[PDB]
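Colleague: Structure file query_5.pdb (PDB, C-alpha atoms) right here:
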```
ATOM      1  CA  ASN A  25     -12.466  17.757 -21.397  1.00  0.00           C
ATOM      2  CA  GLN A  26     -14.874  15.035 -22.583  1.00  0.00           C
ATOM      3  CA  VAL A  27     -18.512  14.350 -21.711  1.00  0.00           C
ATOM      4  CA  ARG A  28     -20.958  11.537 -22.465  1.00  0.00           C
ATOM      5  CA  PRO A  29     -24.313  12.550 -23.964  1.00  0.00           C
ATOM      6  CA  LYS A  30     -27.619  11.111 -22.857  1.00  0.00           C
ATOM      7  CA  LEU A  31     -29.295   8.866 -25.462  1.00  0.00           C
ATOM      8  CA  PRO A  32     -31.524  11.452 -27.300  1.00  0.00           C
ATOM      9  CA  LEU A  33     -28.711  13.935 -28.040  1.00  0.00           C
ATOM     10  CA  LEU A  34     -26.447  10.989 -28.845  1.00  0.00           C
ATOM     11  CA  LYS A  35     -28.823   9.846 -31.605  1.00  0.00           C
ATOM     12  CA  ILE A  36     -29.010  13.429 -32.913  1.00  0.00           C
ATOM     13  CA  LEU A  37     -25.212  13.692 -32.843  1.00  0.00           C
ATOM     14  CA  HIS A  38     -24.861  10.497 -34.870  1.00  0.00           C
ATOM     15  CA  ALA A  39     -27.600  11.736 -37.205  1.00  0.00           C
ATOM     16  CA  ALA A  40     -25.351  14.750 -37.862  1.00  0.00           C
ATOM     17  CA  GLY A  41     -22.495  12.376 -38.759  1.00  0.00           C
ATOM     18  CA  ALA A  42     -20.499  12.389 -35.512  1.00  0.00           C
ATOM     19  CA  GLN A  43     -18.924   9.205 -34.194  1.00  0.00           C
ATOM     20  CA  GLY A  44     -18.175   7.911 -30.704  1.00  0.00           C
ATOM     21  CA  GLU A  45     -19.549   7.829 -27.179  1.00  0.00           C
ATOM     22  CA  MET A  46     -17.896  10.792 -25.443  1.00  0.00           C
ATOM     23  CA  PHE A  47     -17.774  14.312 -26.815  1.00  0.00           C
ATOM     24  CA  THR A  48     -16.407  17.691 -25.914  1.00  0.00           C
ATOM     25  CA  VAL A  49     -18.709  20.715 -25.670  1.00  0.00           C
ATOM     26  CA  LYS A  50     -16.761  22.019 -28.711  1.00  0.00           C
ATOM     27  CA  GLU A  51     -17.723  19.094 -30.997  1.00  0.00           C
ATOM     28  CA  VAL A  52     -21.333  18.852 -29.753  1.00  0.00           C
ATOM     29  CA  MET A  53     -21.773  22.513 -30.830  1.00  0.00           C
ATOM     30  CA  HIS A  54     -20.398  21.753 -34.296  1.00  0.00           C
ATOM     31  CA  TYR A  55     -22.643  18.754 -34.924  1.00  0.00           C
ATOM     32  CA  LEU A  56     -25.720  20.561 -33.574  1.00  0.00           C
ATOM     33  CA  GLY A  57     -24.871  23.302 -36.056  1.00  0.00           C
ATOM     34  CA  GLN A  58     -24.348  20.604 -38.694  1.00  0.00           C
ATOM     35  CA  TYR A  59     -27.645  18.906 -37.712  1.00  0.00           C
ATOM     36  CA  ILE A  60     -29.867  21.993 -38.195  1.00  0.00           C
ATOM     37  CA  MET A  61     -28.155  22.853 -41.517  1.00  0.00           C
ATOM     38  CA  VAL A  62     -28.705  19.367 -42.993  1.00  0.00           C
ATOM     39  CA  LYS A  63     -32.221  19.027 -41.508  1.00  0.00           C
ATOM     40  CA  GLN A  64     -33.154  22.507 -42.895  1.00  0.00           C
ATOM     41  CA  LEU A  65     -34.904  23.468 -39.647  1.00  0.00           C
ATOM     42  CA  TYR A  66     -33.852  27.110 -39.605  1.00  0.00           C
ATOM     43  CA  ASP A  67     -36.298  29.544 -41.185  1.00  0.00           C
ATOM     44  CA  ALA A  68     -35.204  30.396 -44.745  1.00  0.00           C
ATOM     45  CA  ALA A  69     -36.064  34.118 -44.256  1.00  0.00           C
ATOM     46  CA  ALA A  70     -35.003  34.768 -40.634  1.00  0.00           C
ATOM     47  CA  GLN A  71     -32.041  32.386 -40.578  1.00  0.00           C
ATOM     48  CA  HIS A  72     -31.332  33.042 -36.871  1.00  0.00           C
ATOM     49  CA  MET A  73     -34.693  31.411 -35.969  1.00  0.00           C
ATOM     50  CA  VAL A  74     -34.780  27.614 -35.752  1.00  0.00           C
ATOM     51  CA  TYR A  75     -38.029  25.634 -35.778  1.00  0.00           C
ATOM     52  CA  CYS A  76     -37.440  22.243 -34.182  1.00  0.00           C
ATOM     53  CA  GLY A  77     -40.846  21.204 -32.717  1.00  0.00           C
ATOM     54  CA  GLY A  78     -41.667  18.577 -35.364  1.00  0.00           C
ATOM     55  CA  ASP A  79     -38.190  17.049 -35.119  1.00  0.00           C
ATOM     56  CA  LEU A  80     -36.466  15.082 -32.334  1.00  0.00           C
ATOM     57  CA  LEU A  81     -34.560  18.296 -31.562  1.00  0.00           C
ATOM     58  CA  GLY A  82     -37.788  19.951 -30.319  1.00  0.00           C
ATOM     59  CA  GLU A  83     -38.589  17.393 -27.602  1.00  0.00           C
ATOM     60  CA  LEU A  84     -34.951  17.403 -26.455  1.00  0.00           C
ATOM     61  CA  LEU A  85     -34.913  21.199 -26.016  1.00  0.00           C
ATOM     62  CA  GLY A  86     -38.482  21.193 -24.627  1.00  0.00           C
ATOM     63  CA  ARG A  87     -39.394  23.788 -27.253  1.00  0.00           C
ATOM     64  CA  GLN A  88     -40.925  24.422 -30.671  1.00  0.00           C
ATOM     65  CA  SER A  89     -38.638  27.214 -31.837  1.00  0.00           C
ATOM     66  CA  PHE A  90     -35.564  29.120 -30.711  1.00  0.00           C
ATOM     67  CA  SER A  91     -33.236  31.837 -31.940  1.00  0.00           C
ATOM     68  CA  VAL A  92     -29.423  31.725 -32.107  1.00  0.00           C
ATOM     69  CA  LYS A  93     -29.104  35.364 -30.980  1.00  0.00           C
ATOM     70  CA  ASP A  94     -30.437  33.960 -27.713  1.00  0.00           C
ATOM     71  CA  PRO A  95     -28.998  30.461 -27.242  1.00  0.00           C
ATOM     72  CA  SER A  96     -29.874  30.162 -23.510  1.00  0.00           C
ATOM     73  CA  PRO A  97     -32.259  27.295 -24.473  1.00  0.00           C
ATOM     74  CA  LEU A  98     -29.159  25.467 -25.793  1.00  0.00           C
ATOM     75  CA  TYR A  99     -27.431  26.040 -22.438  1.00  0.00           C
ATOM     76  CA  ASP A 100     -30.460  24.534 -20.648  1.00  0.00           C
ATOM     77  CA  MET A 101     -30.211  21.257 -22.546  1.00  0.00           C
ATOM     78  CA  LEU A 102     -26.382  20.951 -22.592  1.00  0.00           C
ATOM     79  CA  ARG A 103     -26.337  21.350 -18.814  1.00  0.00           C
ATOM     80  CA  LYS A 104     -28.980  18.590 -18.489  1.00  0.00           C
ATOM     81  CA  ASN A 105     -27.769  16.058 -21.090  1.00  0.00           C
ATOM     82  CA  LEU A 106     -23.933  16.035 -20.977  1.00  0.00           C
ATOM     83  CA  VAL A 107     -22.622  14.259 -17.871  1.00  0.00           C
TER      84      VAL A 107
ATOM     85  CA  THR B   1     -26.519  36.789 -43.464  1.00  0.00           C
ATOM     86  CA  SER B   2     -26.767  32.973 -43.517  1.00  0.00           C
ATOM     87  CA  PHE B   3     -27.521  30.606 -40.611  1.00  0.00           C
ATOM     88  CA  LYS B   4     -23.908  29.110 -40.747  1.00  0.00           C
ATOM     89  CA  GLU B   5     -22.588  32.784 -40.063  1.00  0.00           C
ATOM     90  CA  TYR B   6     -25.150  33.292 -37.275  1.00  0.00           C
ATOM     91  CA  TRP B   7     -24.273  29.887 -35.740  1.00  0.00           C
ATOM     92  CA  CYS B   8     -20.536  30.631 -35.502  1.00  0.00           C
ATOM     93  CA  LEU B   9     -21.267  33.851 -33.587  1.00  0.00           C
ATOM     94  CA  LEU B  10     -21.573  31.388 -30.636  1.00  0.00           C
ATOM     95  CA  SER B  11     -18.530  30.138 -28.711  1.00  0.00           C
ATOM     96  CA  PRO B  12     -17.994  26.347 -28.624  1.00  0.00           C
TER      97      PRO B  12
END
```
Using structure tokens, write down the structure from this file.
Modeller:
Amino acid sequence: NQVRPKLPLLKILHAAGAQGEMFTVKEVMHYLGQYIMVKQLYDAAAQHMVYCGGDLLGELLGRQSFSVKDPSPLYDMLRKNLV
Amino acid sequence: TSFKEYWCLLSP
């Protein structure tokens, strides 16, 4: 089932290389994964930790850093930005 | 263990 992102995530999703206006939760999770990989925001030593504060990802999440072992900060933002 | 291995431990 599709959802429309709010503008900030949208821009990030297109920055990943996604196309379109409406996404599924499945494809938003791929391109967010794709985004961090290409933007090299994960820590090179502790690869589970992502440091996003200096990027547009940081202001979207409302954070500086987060870990993938706890992705409840991802849940926060998906709930708020995908109508 | 890479980040692209960690990432896909999450459901979509």
Colleague: Up to 7 Å from chain B, what residues of chain A turn up? Count all atoms listed in the file and give them as a PyMOL selection string.
Modeller: chain A and resi 49-50+53+57+71-72+92
Colleague: Grab all the atoms of region 61-70 of chain A that the file lists, wrap them in a box along x, y and z, add 6 Å per side, and give me centre plus edge lengths in Å (one decimal) as lines of an AutoDock Vina configuration file.
Modeller:
```
center_x = -32.2
center_y = 26.9
center_z = -42.2
size_x = 20.1
size_y = 27.7
size_z = 17.1
```
Colleague: What would the selection look like, as a PyMOL selection string, if the PyMOL selection byres ((chain A and resi 79) around 12) were run on the coordinates I just shared?
Modeller: chain A and resi 32+36+59-60+63-66+74-78+80-89
Colleague: What is the distance, in Å and to one decimal place, between CA of residue 55 (chain A) and CA of residue 35 (chain A)?
Modeller: 11.3 Å
Colleague: Could you work out how far CA of residue 96 (chain A) lies from CA of residue 28 (chain A), giving the answer in Å with one decimal?
Modeller: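 Computing the Euclidean distance for CA of residue 28 (chain A) and CA of residue 96 (chain A) yields 20.7 Å.
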Colleague: Figure out the distance between CA of residue 41 (chain A) and CA of residue 98 (chain A), please, to one decimal in Å.
Modeller: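 Going from CA of residue 98 (chain A) over to CA of residue 41 (chain A) covers 19.6 Å.
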